[PDB]
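A.B. asks: Protein chains in written order, with the deposited numbering: chain CI, 2 to 19, 27 to 183; chain UU, 702 to 748, 756 to 777, 786 to 939; chain UG, 203 to 303; chain UA, 2 to 223, 245 to 632, 675 to 856; chain CK, 398 to 418, 425 to 463, 470 to 495.
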Amino acid sequence: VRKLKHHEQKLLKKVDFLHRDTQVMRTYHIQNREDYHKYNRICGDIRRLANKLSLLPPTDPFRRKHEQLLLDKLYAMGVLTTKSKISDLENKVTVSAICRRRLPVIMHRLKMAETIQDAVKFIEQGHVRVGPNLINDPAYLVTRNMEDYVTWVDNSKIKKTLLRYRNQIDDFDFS
Amino acid sequence: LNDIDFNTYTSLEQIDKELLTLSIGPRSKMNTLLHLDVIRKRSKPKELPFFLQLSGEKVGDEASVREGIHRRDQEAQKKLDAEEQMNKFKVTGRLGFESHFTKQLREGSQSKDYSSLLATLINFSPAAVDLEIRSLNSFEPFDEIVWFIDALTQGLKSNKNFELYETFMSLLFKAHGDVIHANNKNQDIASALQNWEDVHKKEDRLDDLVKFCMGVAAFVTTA
Amino acid sequence: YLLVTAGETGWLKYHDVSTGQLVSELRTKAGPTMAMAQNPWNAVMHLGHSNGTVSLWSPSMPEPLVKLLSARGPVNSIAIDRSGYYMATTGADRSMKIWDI
Amino acid sequence: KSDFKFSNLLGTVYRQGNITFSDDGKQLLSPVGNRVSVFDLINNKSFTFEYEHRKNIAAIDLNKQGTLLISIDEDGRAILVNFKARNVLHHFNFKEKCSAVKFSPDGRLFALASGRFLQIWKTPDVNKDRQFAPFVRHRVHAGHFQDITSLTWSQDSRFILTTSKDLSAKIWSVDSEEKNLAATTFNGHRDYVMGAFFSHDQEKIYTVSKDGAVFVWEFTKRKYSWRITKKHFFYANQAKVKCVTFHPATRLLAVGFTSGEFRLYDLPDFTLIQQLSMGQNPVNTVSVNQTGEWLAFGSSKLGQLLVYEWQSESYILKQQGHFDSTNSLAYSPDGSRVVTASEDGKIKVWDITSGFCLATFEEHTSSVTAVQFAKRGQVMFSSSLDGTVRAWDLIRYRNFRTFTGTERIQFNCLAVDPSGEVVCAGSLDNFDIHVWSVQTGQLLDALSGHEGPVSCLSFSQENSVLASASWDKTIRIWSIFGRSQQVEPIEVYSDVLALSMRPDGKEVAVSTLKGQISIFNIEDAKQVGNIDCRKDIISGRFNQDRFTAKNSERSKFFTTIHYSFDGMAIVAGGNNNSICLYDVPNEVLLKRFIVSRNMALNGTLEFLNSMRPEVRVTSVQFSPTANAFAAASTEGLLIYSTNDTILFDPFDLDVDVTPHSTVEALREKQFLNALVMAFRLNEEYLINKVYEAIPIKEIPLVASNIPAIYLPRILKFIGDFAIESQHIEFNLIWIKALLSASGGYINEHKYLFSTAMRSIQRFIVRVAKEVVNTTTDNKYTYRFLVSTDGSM
Amino acid sequence: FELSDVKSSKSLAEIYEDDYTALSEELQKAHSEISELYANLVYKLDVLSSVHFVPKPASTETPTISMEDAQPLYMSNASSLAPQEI
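(1) In whole angstroms, what separates the C-alpha of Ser285 (chain UG) from that of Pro242 (chain UG)?
(2) Can you tell which of UG:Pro264, UG:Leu205, UG:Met238, UG:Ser226 has the C-alpha that lies nearest to the C-alpha of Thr255 (chain UG)?
(3) Does DSSP classify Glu470 (chain CK) as helix, strand or coil?
(4) For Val16 (chain CI), go through chain UG and note every residue whose CB falls closer than 8 angstroms to its CB, in chain order.
(5) In whole angstroms, give me the CA-to-CA distance for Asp373 (chain UA) and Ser358 (chain UA).
(6) Could you compute how far the alpha carbon of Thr682 (chain UA) sits from the alpha carbon of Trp160 (chain CI)?
(7) Name the DSSP bridge partner or partners of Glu315 (chain UA)?
(8) Curious, which full-length beta strand (DSSP E) runs of at least 3 residues does the stretch 438-495 of chain UA contain?
(9) So, for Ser806 (chain UA): in the same chain, excluding its five sequence neighbours on each side, which residues have a beta-carbon less than 6 angstroms away from its beta-carbon?
(10) Relative to chain UA, which residues along the stretch 232-254 of chain UG have a C-beta separation below 7 angstroms, given in chain order?
(11) Any idea what DSSP makes of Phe781 (chain UA), helix, strand or coil?
(12) Can you confirm whether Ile495 (chain CK), when its beta carbon is compared against all beta carbons of chain UA, has any partner nearer than 7 angstroms?
(13) Taking the alpha helix (DSSP H) that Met821 (chain UA) falls in, what are its first and last residues?
(14) Run the CB neighbour count on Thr698 (chain UA), radius 10 Å, all protein chains shown included, and call it buried at 16 or more, exposed below.
(15) To which residues does DSSP link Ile280 (chain UG) through a beta bridge?
(16) Label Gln566 (chain UA) either buried or exposed according to how many other C-beta atoms from any shown protein chain fall within 10 Å of its C-beta, with 16 as the threshold for buried.
(17) Do you know offhand how far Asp366 (chain UA)'s Cα is from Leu852 (chain UU)'s?
(18) What residue range does the alpha helix (DSSP H) around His116 (chain CI) cover?
(19) Going straight from the alpha carbon of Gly764 (chain UU) to that of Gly776 (chain UU), what length do you get?
(20) Per the contact definition of three or more C-beta pairs closer than 8 angstroms, is the stretch 186-204 of chain UA in contact with the stretch 105-124 of chain UA?
(21) Output needed in chain order: residues of the stretch 474-490 of chain CK with a Cβ under 8 angstroms from some Cβ in chain UU.
(22) Identify the continuous beta strand (DSSP E) that holds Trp213 (chain UG) and give its terminal residues.
(23) If we call anything under 7 angstroms between Cβ atoms a contact, is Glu477 (chain CK) one with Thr382 (chain UA)?
(24) Within 7 angstroms of any Cβ in chain CI, is that where the Cβ of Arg568 (chain UA) sits?
(25) Would you list the residues sitting across from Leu152 (chain UA) in a DSSP beta bridge?
(26) Measuring CA to CA, which of UU:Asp704, UU:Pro727, UU:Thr711, UU:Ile705 is closest to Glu788 (chain UA)?
(27) Contact between the stretch 448-456 of chain UA and the stretch 470-484 of chain UA: three or more CB pairs below 8 angstroms?
(28) On the three-state DSSP scale, how would you describe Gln31 (chain CI)?
(29) Step through the CB atoms of chain UU and report whether any lies within less than 7 angstroms of the CB of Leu803 (chain UA).
(30) Run through chain CK and tell me which residues come within less than 9 angstroms of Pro475 (chain UA), C-beta to C-beta.
(31) Kindly give me the distance between the Cβ atoms of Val215 (chain UA) and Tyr207 (chain UA), rounded to whole angstroms, as I take these residues to be in contact under 8 angstroms.
(32) With a CB to CB cut of under 7 angstroms and the five nearest residues on each side skipped, what residues in its chain are close to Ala908 (chain UU)?
(33) Among UA:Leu90, UA:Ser105, UA:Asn259, whose alpha-carbon lies nearest the alpha-carbon of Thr471 (chain CK)?
(34) Could you give the C-beta distance for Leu168 (chain UA) and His139 (chain UA), rounded to a whole number, given that I count them as a contact under 8 angstroms?
(35) Determine which residues of the stretch 117-142 of chain CI have a Cβ less than 8 angstroms from any Cβ of chain CK, and write them out in chain order.
(36) Are the C-beta atoms of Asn153 (chain CI) and some chain UA residue less than 7 angstroms apart?
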């Protein structure tokens, strides 16, 4: 409030109702603080499922089947890559894993756009499509197979210019 | 020609006397009638003492075990519940002794013509129809059953509401089949059922027609 | 430094706003509080219920410091002198009262 | 043939707002998202109003004389409509959000609870010709302090009770003199007020709270006024009254709480007639028949609607619409049933002729993705993301089997052999068409050869082949029977994503991502012709978009195609707002319907007026009766139909063929000529008249001499009439005479009489074998009950 | 299993009443809870990774009605059984 002085700090050391969230904001450019909190709460949900299923008797067909269901569904979502572990589930499911699964980051590693902000600008301007249908909101976690079948929308200036540079434009497809 | 001038035409009730017709109404009523009871059964909703009295195995009395030596309670409690609703509904409104349906049947018997009875029977609601047919009477003289049989036979002669008359007959056989079978060979009921059978063996041509049409239709469309 | 949020489930919460911690949380057995005003000579909250009763609350203990029967029906509004000496209550049975607090 | 009216809506029997009964008590009006569904109870039918609104309907009401219907959405936009013709008369704009509407039991005027003002309008005359501005105010009152939460008229139309969140209930009068009489308030009451009612004699006023308190006020003495004669209480744990209704002529109070409990009480003595729990979600609306016998309950969370009869404890109807969105559709091989699969796994079987829900199936877990029948009345297969293809009966209503792969792989599309013996399912994580056997169960094999997910499959039901189409920009025609296992790959220009097949079994129609519906001949593996679709598609804009609704390819293609059963027409639908009806042989569009005008749904505005529910058609089909077609979309199962036939569509007329001439032909007894002229005119009433005119002893001659051009039309008419006509052996003599006189012709051109024979056999199967089966049962019962010896 | 070396909360009277009066009710409690919270999780993830709107699946005595019924409501189980299996 005023960077209050030494003695008044000592009297009031805790009166401020006014930074990993911001660190990720800068490193992988996630959209908002509520977004980051969402990812954290997701990770906590997974953790608590692990704890309660472990509390369930390990020698139970129900518990073991539900464990395999959960782990397979997570693998299909592509947050993680392995299948043979559970301590993997308790440790490496991270806001980092989810945010690298985020679409513009997928565009960047798959190399659609050179930067995360350019990727998000392209999503806004409506140039990408996943399978048939296109995507407008960056906060779109792409499944394994779908992220494998991402590419541009047709007849967009971006694809036209790419092909022009390659000198492989082909107006029959009205590329 | 007024139908012409308004370019709209209404279907005739019944084309001719020899022509079977159906009830002017839904086709679901037959199924609902024939399967009303099971609908009820599937549509019912879903739902200490100070001195205990324990046994020689439950407590440590294996000696009495080695020399080893509530349904009626639930029946009593069920009786009690029955009493409870029985005196919970206590409306003393003044209602006629003889119900409209059974009365109307009675003067129909008196006049030997059941037209009004058939009219009201068709106008009933399915739950009602089942209720009254189940709650007929089976005393010695069998008058009510004989009259109802006569009414149904008269209707089948009328050649209208063919489906509902057959299904009413089947409902009667469902409910009071036991008594009619038991006191079979009693002359009055025998005569009534014989008239009914006469009309029905007259009508079997419909079965013939349906079987022919189906056989030919399948043959043409798949061969 | 205290934020008082009376509402409809019938409930009164003192939220310290500097440190940011819900100081107190007192249920009112009365009902949806109709009006509300603070005595500033005293800093005690006057709620006005649907019974026709004003009730004086303080964040320390979970029972009304005091209760007054102002009007019949509900109490639309209550306002308090700056000296905390006089109060005016208006109740939807076309009634108005001036009270010596 | 190319005209369709929106005739029905299946699924979502109740979405939001007031539920009402009709005057006669024979009809229940429910508000679905935009429109109003009418359920006719005694004749077991349904119906849906053609007009829509702009947003969700928030309140309805029916004039007591059963003529007018006011319906108001959430912004004062009100539409006043007629019934006996089903047309929109006017639409006015009450500017604040309405909360409730009521027609005074006289009918002269109606009141309107909006916010905290009471508004009272007169109501327009119907017999009056369409005026320009017919709405006129009658009074406005503003005595409240918060929202007017419920309303009630008196039996005489002179007094209005309004209950408001101010914790109060007000008696207003309609006149000034009676204002002087009773302009009175009602205070002294706990949490909220949720209903107020006059008694039968109107000296007692009941007020029902929200906490669960009932107050009986009664104009008694301590120069005296409105004491609180008695207090009754419900006692629910924490449940709270959500909606109340009071039938005065039998003193019923039906109350529905928020826990899903609802109770019926007899009021003055206040006894608990009964109490039931409809579900774990709040009961949201209540109403009572006038004769006091039927209770209607609506719960919004699942979209579930109940009509109960408490006298006899019998459920007149108890339906619950889908929750999420009808993902896919299938018609029964004769046309009676329609099975729809949600995004939940709920697979519901509806009956058409009475728009009801015969059954549900829940054995799936994740979203169902495709549903299909056999060429038989027995079975039905479903495919879900569960990783399973499940085979159900429909006579016992139970799973035969759960086909599945090996790695629990999700299945996008399904197809089934005509013989019902082989089941094919195409995934998206594997792009191999897995093929199971029906009777054995263990999967035969994996037809491989695509690359990239297998978009769709279907079987030619004459050569019994299958075309499988994939995002590999390719179609692949497999013959998989008899020693060969032979493949044939065709290429399209871009990602095929929908497929369908000529009923004769010679051509495929595939919609790709450019939006061109190409059409191929199979045996030649060549392209007969394509139909562009890019320009005749009305996409929708998104409020969260940065671009236009034209220059975006958001839904510029068709994800669902289906043929007609003459093989001449195509219906198409996609993620767009439009359902386009093309025709094959001449490559043009016949019609384009707009699925919904509802600005709440996202892609519905073309230009915005200066995450969210989008509108999309997930799957379309024609009807095997070819008089109607259904589209399963985000808002349910829309069903367009032709069963109006208000249209002069004559055929090969000539100057001397007039209705009067037809009547003269009847009088002069050339029945053949009369029938021929009747069809040449092609008018339903004249056809009906002559058809029921001609006599039995002459039907065979006519059936002999009908011309071969008119054989198909007569067969079709007879079928579509004999369903809902009661002259059975009239129709059956007719059909028998027709088949007898002309059978060989039909056998030689079976593909031309397909729908005709389908309808005929549907009539005979569904409503002739039933009568004869009951007849047989009675005949045998009588034989046995007479023949055997008695008891004892 | 394991014994309880803590003092028993209910005396002989009560334990004999208990002996006087699905495996473990606690087991079904935990099962139901984990099922609900897992439904919540899959909801969250489908919202994140789908393309089309998906609604919150649901919310989570006295006689109850059953609105779903996987039979036509007029079919008797005697008629849904097949002769081989009876």
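Heads up, the beta-carbon is just placed ideally off N, CA and C, and yes, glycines get one too.
C.D. replies: This is what the structure gives:
(1) Across the structure, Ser285 (chain UG) and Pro242 (chain UG) are spaced so that their CA atoms are roughly 7 angstroms apart.
(2) Checking every option, the nearest Cα to that of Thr255 (chain UG) belongs to UG:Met238.
(3) Here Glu470 (chain CK) sits in coil by DSSP.
(4) What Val16 (chain CI) touches in chain UG: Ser220, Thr221.
(5) Taking the straight line joining both Cα atoms gives about 6 angstroms.
(6) Taking C-alpha positions only, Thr682 (chain UA) is separated from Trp160 (chain CI) by approximately 24 angstroms.
(7) Residue pairing by DSSP places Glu315 (chain UA) in no beta bridge whatsoever.
(8) Entirely contained in the stretch 438-495 of chain UA, the beta strand (DSSP E) runs reaching 3 residues are, in chain order, 444-449, 455-459, 465-469, 476-482, 487-492.
(9) Here the set comprises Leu775.
(10) Listed by position, the residues of the stretch 232-254 of chain UG near chain UA (Cβ gap below 7 angstroms) are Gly233, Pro234, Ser252.
(11) The answer is helix: DSSP assigns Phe781 (chain UA) an H, G or I state.
(12) Among the residues facing chain UA, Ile495 (chain CK) is not included, as its CB has no counterpart in that chain under 7 angstroms away.
(13) Run containing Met821 (chain UA): 818-831, per the alpha helix (DSSP H) assignment.
(14) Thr698 (chain UA) should be labelled buried.
(15) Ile280 (chain UG) pairs with UG:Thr291.
(16) Classification for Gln566 (chain UA): exposed.
(17) In this structure, the alpha-carbon of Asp366 (chain UA) lies about 49 angstroms from that of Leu852 (chain UU).
(18) Looking at the DSSP string, the run of the alpha helix (DSSP H) that includes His116 (chain CI) is 111-117.
(19) Counting only the Cα atoms, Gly776 (chain UU) lies some 8 angstroms from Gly764 (chain UU).
(20) No, they do not touch.
(21) Residues of the stretch 474-490 of chain CK with a C-beta less than 8 angstroms from any C-beta of chain UU: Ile474, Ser475, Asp478, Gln480, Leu482, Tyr483, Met484, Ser485, listed in chain order.
(22) Where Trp213 (chain UG) is concerned, the enclosing beta strand (DSSP E) stretches over 213-218.
(23) In contact: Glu477 (chain CK) and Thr382 (chain UA) (Cβ atoms closer than 7 angstroms).
(24) Output row for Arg568 (chain UA): interface = yes.
(25) In the DSSP assignment, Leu152 (chain UA) is bridged to UA:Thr163.
(26) Minimum Cα distance to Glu788 (chain UA) is reached at UU:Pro727.
(27) Because the criterion of three Cβ pairs below 8 angstroms is met, the stretch 448-456 of chain UA and the stretch 470-484 of chain UA touch.
(28) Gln31 (chain CI): helix per DSSP, three-state reduction.
(29) Output row for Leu803 (chain UA): interface = yes.
(30) Neighbours of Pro475 (chain UA) on chain CK: none; closest Cβ ~15 angstroms, over 9 angstroms.
(31) Contact annotation, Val215 (chain UA) with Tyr207 (chain UA): C-beta distance approximately 6 angstroms; criterion of less than 8 angstroms satisfied.
(32) Hits under 7 angstroms: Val862, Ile865, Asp866.
(33) For the residues UA:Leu90, UA:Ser105, UA:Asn259, the minimum Cα distance to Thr471 (chain CK) belongs to UA:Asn259.
(34) Actually they are not in contact, since the Cβ atoms of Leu168 (chain UA) and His139 (chain UA) sit about 28 angstroms apart, beyond 8 angstroms.
(35) Across the stretch 117-142 of chain CI, CB contacts with chain CK closer than 8 angstroms involve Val138, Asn141, in sequence order along the chain.
(36) Interface residue (Cβ-Cβ distance to chain UA less than 7 angstroms): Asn153 (chain CI) is classified as such.
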